[PDB]
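Shown next are two forms of a single protein chain, provided one at a time as structure tokens under the names structure 1 and structure 2.
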Structure 1
């Protein structure tokens, strides 16, 4: 029941965690997947036959973002059950804490792709509850291993907060995050308020106004302000310490940025 590798597009990937693929498939230790419809197969011969006839060239759902070669597709788990189940089983090979794979109907899946000389390739995704009463704007979030640590994850995170902004909600990723996902959110949260603070020249700020603009949860903002040693306390008032050390170090960084004007989507 342990899968060791998968064949995905032009990549062969070592898998990290158990995923409940049907035991008829799991016991072979290796899976061959169509990179477009996410069907999993037993042999590369079967895969080759499938790609020769597979009609899919991109995720289902509606393309709700496009800038250059980057797309985001909104996939309703109730309307594309099989695709989303295959997506969740694939994700479980690389996420330890994901627990839902088959009951995809409560979820929306936001799938990010890159178009290139071969095709329109899966970069990663995040799932999202259609009704989160705990204000999670992300359930699970992942980049494929061949695109990790290359700025794509930051785009995915930014897109999740872009949706929250349009919804006029504040949100947070559901916990526990993967190791890399927590590392990525902390770095993204730091960059976000450095841009806010660089673009802001009032002299007093509430957590609320930062949260309202960025859609970042107040808890995440304060812990980031403490992580950056910018949250100080003198007499009876809490202060924010503008380290231009950081706004300049951040200013030296720059494409892999989401363009809000390229979003065609309403709640």
Structure 2
């Protein structure tokens, strides 16, 4: 059974089982091309593949570019093999992913960091081309070697940027995992406190906040509740602009600017597909 993966210069311990063919699954280690995501049995077979493989980045269209950070839009119908390999790779670190074969109804947004050898996988999120429940993310993953550096929140922010340009309100697919929920709550906290910091008016509706942020009204209310900013005072519902929360937020978003871990809306070059 697969315990480790060789991925570029990294050796990654796998967390959950992924349904690779038994010919590959019975081996202890899998070697993968870091650009095309094809999986191989040995270091020797990988070396020979890397000499021949023409891919230095994901397929599809580069829709975001800020220096070394890119996002590629990959259509599951146009690049089926790449997207299946990506889903099999994702399933090694995602427990609850249940889709690896029929990738045709999905778009995959693949974030990369460039160096002099090519554009290296940071993480991704998948998205239904047409979601009945208006889900703007299906699954989301930061690769283990990049985790806890701010890239997950960049991916989340990017998913809402797409929703903003589409003139839609979005939400992640249910159910949300433990780590997913922690990440989304941090993001929703940031966006809400940003809005209220910049808003000068005397009142605001949840719908107005939802329209500007592309965040679902239920998620806004949930976040308002989590921050204890919804109060009651003689008959009416009231948004409490908490002192301590906005102070710490400015200190936090100073650090966010310093480390460059932000998605810049002006660096998106995108019109919705089809």
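Numbering follows the first chain given and starts at 1. We call the rigid core whatever largest set of C-alpha positions still superposes within 1.5 Å between the two forms.
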Legend entry - Residue among 151, 145, 119, 106 with C-alpha shift of 2 Å or more between structures 1 and 2, core superposed: 119
Inset, instruction - Mind pulling the C-alpha shift for residue 236 between structures 1 and 2, with the rigid core superposed, in Å? - result: 2.1
Inset, instruction - Please state the CA displacement of residue 245 between structures 1 and 2 in angstrom, with both forms fitted on the core. - result: 1.4
Legend entry - For residue 134, CA displacement between structures 1 and 2 after the core is overlaid, in Å: 0.4
